[PDB]
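Dumped target09.tsv below, it's TSV, C-alpha atoms:
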chain	number	residue	atom	x	y	z
A	1	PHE	CA	137.01	85.59	123.63
A	2	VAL	CA	139.59	88.02	122.21
A	3	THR	CA	142.77	87.87	124.34
A	4	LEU	CA	145.62	90.39	124.27
A	5	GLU	CA	148.99	89.86	125.99
A	6	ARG	CA	151.96	92.25	126.03
A	7	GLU	CA	155.41	90.70	125.90
A	8	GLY	CA	158.27	92.75	127.35
A	9	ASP	CA	158.16	95.67	129.73
A	10	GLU	CA	155.37	98.26	129.87
A	11	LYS	CA	158.10	100.90	130.25
A	12	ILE	CA	161.45	100.83	128.46
A	13	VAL	CA	164.42	103.21	128.52
A	14	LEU	CA	166.73	103.38	125.49
A	15	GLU	CA	169.76	105.58	124.99
A	16	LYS	CA	169.80	107.89	121.96
A	17	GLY	CA	171.02	105.96	118.94
A	18	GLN	CA	170.18	102.53	120.31
A	19	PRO	CA	167.67	100.81	118.01
A	20	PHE	CA	164.22	100.04	119.31
A	21	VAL	CA	163.58	96.30	118.92
A	22	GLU	CA	159.88	95.55	119.34
A	23	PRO	CA	159.52	93.23	122.37
A	24	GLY	CA	156.40	91.68	120.81
A	25	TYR	CA	152.90	90.63	121.85
A	26	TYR	CA	150.26	87.95	121.26
A	27	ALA	CA	146.53	87.95	120.53
A	28	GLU	CA	143.93	85.20	120.19
A	29	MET	CA	140.20	85.26	119.50
A	30	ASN	CA	138.11	82.13	120.05
A	31	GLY	CA	141.20	79.92	120.02
A	32	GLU	CA	142.58	81.07	116.66
A	33	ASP	CA	145.76	83.17	116.64
A	34	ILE	CA	145.02	86.74	115.56
A	35	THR	CA	148.40	88.28	116.41
A	36	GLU	CA	149.02	89.63	112.91
A	37	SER	CA	145.68	91.54	113.17
A	38	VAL	CA	146.98	93.79	115.97
A	39	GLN	CA	147.50	97.41	114.90
A	40	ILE	CA	149.79	99.94	116.57
A	41	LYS	CA	149.47	103.70	116.94
A	42	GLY	CA	152.84	105.25	117.65
A	43	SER	CA	156.50	105.41	116.63
A	44	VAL	CA	159.83	105.49	118.44
A	45	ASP	CA	162.47	108.00	117.34
A	46	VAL	CA	165.64	106.69	118.98
A	47	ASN	CA	167.71	109.61	117.55
A	48	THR	CA	165.69	112.30	119.42
A	49	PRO	CA	165.48	112.04	123.24
A	50	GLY	CA	161.87	112.05	124.35
A	51	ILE	CA	158.81	110.03	125.35
A	52	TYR	CA	157.18	107.86	122.65
A	53	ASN	CA	153.87	106.11	123.37
A	54	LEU	CA	152.82	103.08	121.38
A	55	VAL	CA	149.26	101.76	121.62
A	56	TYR	CA	148.39	98.21	120.51
A	57	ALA	CA	144.81	97.16	119.62
A	58	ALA	CA	143.02	93.83	119.06
A	59	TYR	CA	139.60	94.13	117.47
A	60	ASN	CA	136.43	92.21	118.22
A	61	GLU	CA	133.03	91.75	116.65
A	62	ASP	CA	130.83	94.78	117.52
A	63	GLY	CA	133.10	97.80	117.88
A	64	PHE	CA	134.86	96.27	120.87
A	65	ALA	CA	138.63	96.13	121.35
A	66	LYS	CA	141.37	95.35	123.83
A	67	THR	CA	144.36	97.60	124.19
A	68	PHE	CA	147.68	97.86	125.90
A	69	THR	CA	150.14	100.72	126.01
A	70	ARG	CA	153.92	100.67	126.08
A	71	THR	CA	156.08	103.76	126.61
A	72	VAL	CA	159.66	104.13	125.34
A	73	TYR	CA	161.96	106.79	126.74
A	74	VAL	CA	165.02	107.99	124.85
A	75	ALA	CA	167.88	109.36	127.01
A	76	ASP	CA	170.77	111.62	125.96
A	77	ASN	CA	173.97	109.43	126.20
A	78	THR	CA	175.91	112.43	127.57
A	79	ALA	CA	177.96	111.25	130.54
A	80	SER	CA	176.29	111.88	133.89
A	81	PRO	CA	176.50	110.05	137.23
A	82	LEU	CA	172.69	109.70	137.05
A	83	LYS	CA	171.92	106.81	134.80
A	84	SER	CA	168.68	106.55	132.84
A	85	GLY	CA	166.64	104.86	134.11
A	86	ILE	CA	163.96	102.53	135.52
A	87	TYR	CA	164.34	103.28	139.22
A	88	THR	CA	162.69	101.28	142.01
A	89	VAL	CA	161.75	103.13	145.19
A	90	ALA	CA	163.94	101.88	148.05
A	91	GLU	CA	163.06	100.72	151.57
A	92	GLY	CA	163.97	103.68	153.79
A	93	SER	CA	161.20	105.54	151.95
A	94	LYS	CA	158.46	107.11	154.02
A	95	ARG	CA	155.79	109.72	154.51
A	96	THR	CA	156.68	112.12	157.33
A	97	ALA	CA	153.51	114.27	157.65
A	98	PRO	CA	150.91	114.26	158.97
A	99	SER	CA	151.67	110.68	160.11
A	100	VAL	CA	154.60	108.41	159.19
A	101	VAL	CA	154.19	105.58	156.63
A	102	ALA	CA	156.91	103.60	154.82
A	103	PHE	CA	156.49	102.21	151.30
A	104	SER	CA	157.82	99.59	148.98
A	105	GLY	CA	159.20	98.92	145.49
A	106	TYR	CA	157.12	100.94	143.06
A	107	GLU	CA	158.96	101.79	139.87
A	108	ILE	CA	159.39	105.23	138.30
A	109	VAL	CA	161.31	106.32	135.21
A	110	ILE	CA	164.12	108.90	135.17
A	111	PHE	CA	165.84	109.87	131.93
A	112	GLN	CA	168.08	112.67	130.65
A	113	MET	CA	166.34	115.14	128.31
A	114	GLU	CA	169.49	117.23	127.66
A	115	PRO	CA	172.92	117.19	129.34
A	116	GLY	CA	172.08	118.63	132.75
A	117	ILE	CA	168.39	118.02	132.86
A	118	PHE	CA	166.33	114.98	133.78
A	119	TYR	CA	162.67	113.96	133.64
A	120	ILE	CA	160.90	111.97	136.35
A	121	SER	CA	157.63	110.07	136.04
A	122	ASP	CA	156.94	110.68	139.74
A	123	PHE	CA	158.68	112.81	142.39
A	124	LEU	CA	156.20	111.38	144.87
A	125	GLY	CA	157.46	107.78	144.73
A	126	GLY	CA	154.24	106.26	143.49
A	127	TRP	CA	152.37	107.21	146.68
A	128	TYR	CA	149.18	108.33	144.89
A	129	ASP	CA	149.03	106.35	141.71
A	130	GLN	CA	150.33	102.86	142.44
A	131	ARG	CA	150.09	102.80	146.32
A	132	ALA	CA	146.46	104.03	146.19
A	133	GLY	CA	145.87	103.18	142.56
A	134	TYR	CA	144.73	106.68	141.70
A	135	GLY	CA	146.41	106.32	138.30
A	136	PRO	CA	148.86	108.33	136.21
A	137	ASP	CA	146.85	111.60	136.59
A	138	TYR	CA	148.43	111.58	140.06
A	139	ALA	CA	152.11	111.45	140.91
A	140	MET	CA	154.44	114.36	140.18
A	141	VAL	CA	155.92	114.55	136.74
A	142	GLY	CA	158.77	117.02	136.65
A	143	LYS	CA	162.10	118.09	135.24
A	144	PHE	CA	165.13	118.64	137.41
A	145	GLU	CA	168.72	119.73	136.95
A	146	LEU	CA	171.59	117.68	138.34
A	147	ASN	CA	174.18	119.92	140.00
A	148	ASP	CA	177.92	119.48	140.10
A	149	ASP	CA	177.61	118.95	143.87
A	150	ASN	CA	175.43	115.83	143.63
A	151	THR	CA	172.30	117.69	144.57
A	152	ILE	CA	169.19	118.08	142.47
A	153	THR	CA	167.44	121.36	141.69
A	154	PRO	CA	163.79	120.92	140.66
A	155	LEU	CA	162.40	122.97	137.82
A	156	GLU	CA	158.81	122.33	136.71
A	157	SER	CA	156.63	119.81	138.66
A	158	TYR	CA	152.92	119.00	138.37
A	159	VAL	CA	150.13	116.67	139.54
A	160	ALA	CA	147.32	116.74	136.98
A	161	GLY	CA	143.91	116.05	138.34
A	162	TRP	CA	144.76	118.38	141.26
A	163	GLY	CA	146.63	121.03	139.24
A	164	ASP	CA	149.39	121.98	141.72
A	165	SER	CA	153.17	121.62	142.06
A	166	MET	CA	155.35	120.74	145.04
A	167	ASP	CA	155.61	123.31	147.82
A	168	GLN	CA	159.36	122.77	148.18
A	169	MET	CA	162.15	120.21	147.89
A	170	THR	CA	165.14	119.82	150.19
A	171	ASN	CA	167.69	117.39	151.60
A	172	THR	CA	168.66	115.97	148.24
A	173	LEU	CA	171.72	113.93	147.33
A	174	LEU	CA	173.01	111.69	144.54
A	175	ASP	CA	175.57	109.02	145.44
A	176	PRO	CA	177.81	108.49	142.34
A	177	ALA	CA	178.22	104.80	143.37
A	178	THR	CA	175.42	102.63	144.64
A	179	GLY	CA	173.92	105.19	142.21
A	180	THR	CA	171.13	106.25	144.55
A	181	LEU	CA	168.94	109.32	144.34
A	182	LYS	CA	167.11	110.77	147.34
A	183	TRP	CA	165.04	113.87	148.03
A	184	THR	CA	162.54	115.23	150.46
A	185	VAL	CA	159.57	116.85	148.73
A	186	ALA	CA	156.88	118.76	150.61
A	187	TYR	CA	153.49	118.73	148.87
A	188	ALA	CA	149.90	119.94	149.45
A	189	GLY	CA	150.28	122.42	152.31
A	190	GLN	CA	151.09	119.97	155.11
A	191	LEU	CA	152.60	116.84	153.53
A	192	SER	CA	156.18	115.66	153.24
A	193	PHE	CA	157.88	112.58	151.83
A	194	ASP	CA	161.44	111.20	152.00
A	195	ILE	CA	162.09	109.17	148.82
A	196	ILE	CA	165.05	106.90	147.98
A	197	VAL	CA	165.31	105.32	144.51
A	198	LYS	CA	167.64	102.50	143.38
A	199	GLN	CA	168.00	100.33	140.29
For this file, produce the structure as structure tokens.
Amino acid sequence: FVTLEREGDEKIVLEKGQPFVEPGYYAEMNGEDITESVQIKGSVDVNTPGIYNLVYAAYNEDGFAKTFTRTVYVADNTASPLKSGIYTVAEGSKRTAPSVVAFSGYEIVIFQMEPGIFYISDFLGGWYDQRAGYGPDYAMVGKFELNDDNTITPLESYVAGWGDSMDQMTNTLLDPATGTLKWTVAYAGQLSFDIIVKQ
């Protein structure tokens, strides 16, 4: 009866300073328009790089509600060959242990926290949420530092729900034209992935 539609992207990347213009939404209950009834938890601070979660709610008759979430990421406008950042996993992207399995165009977010340092939604390409639908408690959040030599040095990394980090990361490269990031990450004991991300 209640209906709740999000307009615009679930995930958005702004650059520090750039205003956040609300993409909008729509809500209807029993055929009447109840869009002005929707309430939002959350704010976006476009002058402080970071991750801001908004949560939109549409209320119904007996405690019930429908909800959608939108996440806004603020970058750091400092020049860097790595742009920020809704990357799509590319097509030469594969598992390489124990078997070999190629995967598609799942999207991840990559934004600059401070001049050298970047945040990723998922080191693991979307293999475990998304292409398994395990959900956001899977996939490897992480920071990494972009080097002057177009490699990538990983700092923290973590898969909630299992509690561990990556075992190692090698074979990385950024191409400052085609603007394409790639890495091999080895995970849980015996597991390794070769990821390529474009936009």
Pick from A:13, A:108, A:4, A:29, whichever lies nearest to residue 57 in chain A using only C-alpha atoms: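 Looking at the shortest contact to residue 57 in chain A, the residue is A:4.
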Among listed residues A:140, A:12, A:117, A:197, nearest residue 162 in chain A (using only C-alpha atoms):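 Of all the options, A:140 lies closest to residue 162 in chain A.
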Spatial sel., origin (149.7, 88.1, 127.0), limit 10 Å, all atoms listed in the file, listed as a ChimeraX atom specification: /A:3-8,24-28
Give me, as a Markdown table, the closest atom pair and its distance (Å, one decimal) for every residue of range 56-140 of chain A within a cut-off of 10 Å of range 172-189 of chain A, counting only C-alpha atoms, rows sorted by chain and rising number.
| residue | atom | partner | partner_atom | distance |
| --- | --- | --- | --- | --- |
| A:80 | CA | A:176 | CA | 9.2 |
| A:81 | CA | A:176 | CA | 5.5 |
| A:82 | CA | A:179 | CA | 7.0 |
| A:83 | CA | A:179 | CA | 7.8 |
| A:87 | CA | A:180 | CA | 9.1 |
| A:89 | CA | A:181 | CA | 9.5 |
| A:90 | CA | A:180 | CA | 9.1 |
| A:93 | CA | A:182 | CA | 9.1 |
| A:94 | CA | A:184 | CA | 9.8 |
| A:95 | CA | A:184 | CA | 9.6 |
| A:96 | CA | A:186 | CA | 9.4 |
| A:97 | CA | A:186 | CA | 9.0 |
| A:123 | CA | A:185 | CA | 7.6 |
| A:124 | CA | A:185 | CA | 7.5 |
| A:140 | CA | A:187 | CA | 9.8 |
Counting all atoms listed in the file, the residue of A:148, A:122, A:45, A:164 that sits nearest residue 19 in chain A: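 Using all atoms listed in the file, residue 19 in chain A sits closest to A:45.
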Nearest-residue call for residue 105 in chain A, choices A:170, A:18, A:88, A:77, using only C-alpha atoms: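 Answer, going by the shortest atom-to-atom distance: A:88.
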Residue with smallest distance to residue 46 in chain A - pool A:34, A:73, A:23, A:62, counting all atoms listed in the file: A:73
Point-to-point distance in Å for CA of residue 52 in chain A and CA of residue 110 in chain A: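 That distance, rounded to one decimal, is 14.4 Å.
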Between CA of residue 79 in chain A and CA of residue 157 in chain A, distance in Å (one decimal):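 Pair CA of residue 79 in chain A / CA of residue 157 in chain A returns 24.4 Å.
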Nearest candidate to residue 91 in chain A (options A:70, A:165, A:104, A:134; using only C-alpha atoms):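 Of A:70, A:165, A:104, A:134, the one nearest residue 91 in chain A, counting only C-alpha atoms, is A:104.
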Which polymer residues, whether protein, DNA or RNA, lie within 10 Å of the coordinate (162.0, 106.0, 119.5) when you count all atoms listed in the file? List them as a PDB file with C-alpha atoms, keeping the file's coordinate frame, using the chain letters and numbers from the file.
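Okay, part_3.pdb is ready:
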ATOM      1  CA  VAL A  13     164.420 103.210 128.520  1.00  0.00           C
ATOM      2  CA  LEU A  14     166.730 103.380 125.490  1.00  0.00           C
ATOM      3  CA  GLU A  15     169.760 105.580 124.990  1.00  0.00           C
ATOM      4  CA  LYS A  16     169.800 107.890 121.960  1.00  0.00           C
ATOM      5  CA  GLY A  17     171.020 105.960 118.940  1.00  0.00           C
ATOM      6  CA  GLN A  18     170.180 102.530 120.310  1.00  0.00           C
ATOM      7  CA  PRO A  19     167.670 100.810 118.010  1.00  0.00           C
ATOM      8  CA  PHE A  20     164.220 100.040 119.310  1.00  0.00           C
ATOM      9  CA  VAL A  21     163.580  96.300 118.920  1.00  0.00           C
ATOM     10  CA  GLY A  42     152.840 105.250 117.650  1.00  0.00           C
ATOM     11  CA  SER A  43     156.500 105.410 116.630  1.00  0.00           C
ATOM     12  CA  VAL A  44     159.830 105.490 118.440  1.00  0.00           C
ATOM     13  CA  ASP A  45     162.470 108.000 117.340  1.00  0.00           C
ATOM     14  CA  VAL A  46     165.640 106.690 118.980  1.00  0.00           C
ATOM     15  CA  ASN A  47     167.710 109.610 117.550  1.00  0.00           C
ATOM     16  CA  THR A  48     165.690 112.300 119.420  1.00  0.00           C
ATOM     17  CA  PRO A  49     165.480 112.040 123.240  1.00  0.00           C
ATOM     18  CA  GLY A  50     161.870 112.050 124.350  1.00  0.00           C
ATOM     19  CA  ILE A  51     158.810 110.030 125.350  1.00  0.00           C
ATOM     20  CA  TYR A  52     157.180 107.860 122.650  1.00  0.00           C
ATOM     21  CA  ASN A  53     153.870 106.110 123.370  1.00  0.00           C
ATOM     22  CA  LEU A  54     152.820 103.080 121.380  1.00  0.00           C
ATOM     23  CA  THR A  71     156.080 103.760 126.610  1.00  0.00           C
ATOM     24  CA  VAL A  72     159.660 104.130 125.340  1.00  0.00           C
ATOM     25  CA  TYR A  73     161.960 106.790 126.740  1.00  0.00           C
ATOM     26  CA  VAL A  74     165.020 107.990 124.850  1.00  0.00           C
TER      27      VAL A  74
END
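Note that CA of residue 11 in chain A and CA of residue 68 in chain A are 11.7 Å apart.
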10 Å contact set for residue 128 in chain A, all atoms listed in the file, chain neighbours under 3 positions out, as JSON, numbers by chain: {"A": [122, 124, 125, 131, 132, 133, 134, 135, 136, 137, 138, 139, 140, 159]}
Distance query residue 155 in chain A at most 9 Å, all atoms listed in the file, self and fewer than 2 positions along chain excluded, as number ranges by chain: A: 142-145, 153, 157
With the input short on atoms, add N, CA, C and O atoms back to range 138-159 of chain A and write it as a PDB file, in the frame of the given file.
ATOM      1  N   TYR A 138     147.840 111.240 138.773  1.00  0.00           N
ATOM      2  CA  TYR A 138     148.430 111.580 140.060  1.00  0.00           C
ATOM      3  C   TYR A 138     149.903 111.230 139.958  1.00  0.00           C
ATOM      4  O   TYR A 138     150.372 110.845 138.880  1.00  0.00           O
ATOM      5  N   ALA A 139     150.653 111.442 141.035  1.00  0.00           N
ATOM      6  CA  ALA A 139     152.110 111.450 140.910  1.00  0.00           C
ATOM      7  C   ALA A 139     152.647 112.696 140.210  1.00  0.00           C
ATOM      8  O   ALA A 139     151.995 113.291 139.345  1.00  0.00           O
ATOM      9  N   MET A 140     153.858 113.086 140.579  1.00  0.00           N
ATOM     10  CA  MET A 140     154.440 114.360 140.180  1.00  0.00           C
ATOM     11  C   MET A 140     155.384 114.129 139.013  1.00  0.00           C
ATOM     12  O   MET A 140     156.534 113.744 139.214  1.00  0.00           O
ATOM     13  N   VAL A 141     154.930 114.408 137.795  1.00  0.00           N
ATOM     14  CA  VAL A 141     155.920 114.550 136.740  1.00  0.00           C
ATOM     15  C   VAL A 141     156.754 115.792 137.059  1.00  0.00           C
ATOM     16  O   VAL A 141     156.351 116.675 137.838  1.00  0.00           O
ATOM     17  N   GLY A 142     157.912 115.881 136.417  1.00  0.00           N
ATOM     18  CA  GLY A 142     158.770 117.020 136.650  1.00  0.00           C
ATOM     19  C   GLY A 142     160.086 116.884 135.930  1.00  0.00           C
ATOM     20  O   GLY A 142     160.497 115.777 135.580  1.00  0.00           O
ATOM     21  N   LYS A 143     160.717 118.010 135.651  1.00  0.00           N
ATOM     22  CA  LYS A 143     162.100 118.090 135.240  1.00  0.00           C
ATOM     23  C   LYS A 143     162.922 118.422 136.484  1.00  0.00           C
ATOM     24  O   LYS A 143     162.416 119.010 137.446  1.00  0.00           O
ATOM     25  N   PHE A 144     164.200 118.052 136.462  1.00  0.00           N
ATOM     26  CA  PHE A 144     165.130 118.640 137.410  1.00  0.00           C
ATOM     27  C   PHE A 144     166.531 118.675 136.821  1.00  0.00           C
ATOM     28  O   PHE A 144     166.844 117.982 135.849  1.00  0.00           O
ATOM     29  N   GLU A 145     167.359 119.530 137.404  1.00  0.00           N
ATOM     30  CA  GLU A 145     168.720 119.730 136.950  1.00  0.00           C
ATOM     31  C   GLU A 145     169.665 119.128 137.974  1.00  0.00           C
ATOM     32  O   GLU A 145     169.545 119.399 139.175  1.00  0.00           O
ATOM     33  N   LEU A 146     170.583 118.296 137.495  1.00  0.00           N
ATOM     34  CA  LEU A 146     171.590 117.680 138.340  1.00  0.00           C
ATOM     35  C   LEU A 146     172.764 118.648 138.479  1.00  0.00           C
ATOM     36  O   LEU A 146     173.315 119.111 137.473  1.00  0.00           O
ATOM     37  N   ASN A 147     173.127 118.961 139.716  1.00  0.00           N
ATOM     38  CA  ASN A 147     174.180 119.920 140.000  1.00  0.00           C
ATOM     39  C   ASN A 147     175.514 119.218 140.108  1.00  0.00           C
ATOM     40  O   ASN A 147     175.593 118.018 140.385  1.00  0.00           O
ATOM     41  N   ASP A 148     176.577 120.005 139.938  1.00  0.00           N
ATOM     42  CA  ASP A 148     177.920 119.480 140.100  1.00  0.00           C
ATOM     43  C   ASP A 148     178.180 118.965 141.503  1.00  0.00           C
ATOM     44  O   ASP A 148     179.145 118.216 141.692  1.00  0.00           O
ATOM     45  N   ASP A 149     177.352 119.333 142.487  1.00  0.00           N
ATOM     46  CA  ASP A 149     177.610 118.950 143.870  1.00  0.00           C
ATOM     47  C   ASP A 149     176.729 117.781 144.304  1.00  0.00           C
ATOM     48  O   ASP A 149     176.520 117.560 145.506  1.00  0.00           O
ATOM     49  N   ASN A 150     176.234 117.010 143.336  1.00  0.00           N
ATOM     50  CA  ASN A 150     175.430 115.830 143.630  1.00  0.00           C
ATOM     51  C   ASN A 150     174.160 116.178 144.380  1.00  0.00           C
ATOM     52  O   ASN A 150     173.582 115.333 145.071  1.00  0.00           O
ATOM     53  N   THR A 151     173.694 117.413 144.241  1.00  0.00           N
ATOM     54  CA  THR A 151     172.300 117.690 144.570  1.00  0.00           C
ATOM     55  C   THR A 151     171.496 117.849 143.291  1.00  0.00           C
ATOM     56  O   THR A 151     171.995 117.753 142.170  1.00  0.00           O
ATOM     57  N   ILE A 152     170.216 118.096 143.496  1.00  0.00           N
ATOM     58  CA  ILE A 152     169.190 118.080 142.470  1.00  0.00           C
ATOM     59  C   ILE A 152     168.353 119.343 142.677  1.00  0.00           C
ATOM     60  O   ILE A 152     167.885 119.613 143.794  1.00  0.00           O
ATOM     61  N   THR A 153     168.238 120.151 141.633  1.00  0.00           N
ATOM     62  CA  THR A 153     167.440 121.360 141.690  1.00  0.00           C
ATOM     63  C   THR A 153     166.187 121.148 140.851  1.00  0.00           C
ATOM     64  O   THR A 153     166.294 120.883 139.642  1.00  0.00           O
ATOM     65  N   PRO A 154     165.000 121.224 141.433  1.00  0.00           N
ATOM     66  CA  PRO A 154     163.790 120.920 140.660  1.00  0.00           C
ATOM     67  C   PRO A 154     163.370 122.128 139.856  1.00  0.00           C
ATOM     68  O   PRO A 154     163.416 123.263 140.342  1.00  0.00           O
ATOM     69  N   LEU A 155     162.948 121.877 138.621  1.00  0.00           N
ATOM     70  CA  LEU A 155     162.400 122.970 137.820  1.00  0.00           C
ATOM     71  C   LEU A 155     160.871 122.927 137.824  1.00  0.00           C
ATOM     72  O   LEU A 155     160.245 123.209 138.851  1.00  0.00           O
ATOM     73  N   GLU A 156     160.251 122.577 136.706  1.00  0.00           N
ATOM     74  CA  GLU A 156     158.810 122.330 136.710  1.00  0.00           C
ATOM     75  C   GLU A 156     158.461 121.060 137.511  1.00  0.00           C
ATOM     76  O   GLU A 156     159.284 120.150 137.668  1.00  0.00           O
ATOM     77  N   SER A 157     157.226 121.015 138.046  1.00  0.00           N
ATOM     78  CA  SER A 157     156.630 119.810 138.660  1.00  0.00           C
ATOM     79  C   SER A 157     155.120 119.980 138.665  1.00  0.00           C
ATOM     80  O   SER A 157     154.638 121.112 138.790  1.00  0.00           O
ATOM     81  N   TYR A 158     154.370 118.866 138.559  1.00  0.00           N
ATOM     82  CA  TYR A 158     152.920 119.000 138.370  1.00  0.00           C
ATOM     83  C   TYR A 158     152.173 117.688 138.565  1.00  0.00           C
ATOM     84  O   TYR A 158     152.545 116.656 137.984  1.00  0.00           O
ATOM     85  N   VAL A 159     151.096 117.755 139.359  1.00  0.00           N
ATOM     86  CA  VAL A 159     150.130 116.670 139.540  1.00  0.00           C
ATOM     87  C   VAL A 159     148.849 117.092 138.847  1.00  0.00           C
ATOM     88  O   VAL A 159     148.113 117.945 139.370  1.00  0.00           O
TER      89      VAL A 159
END
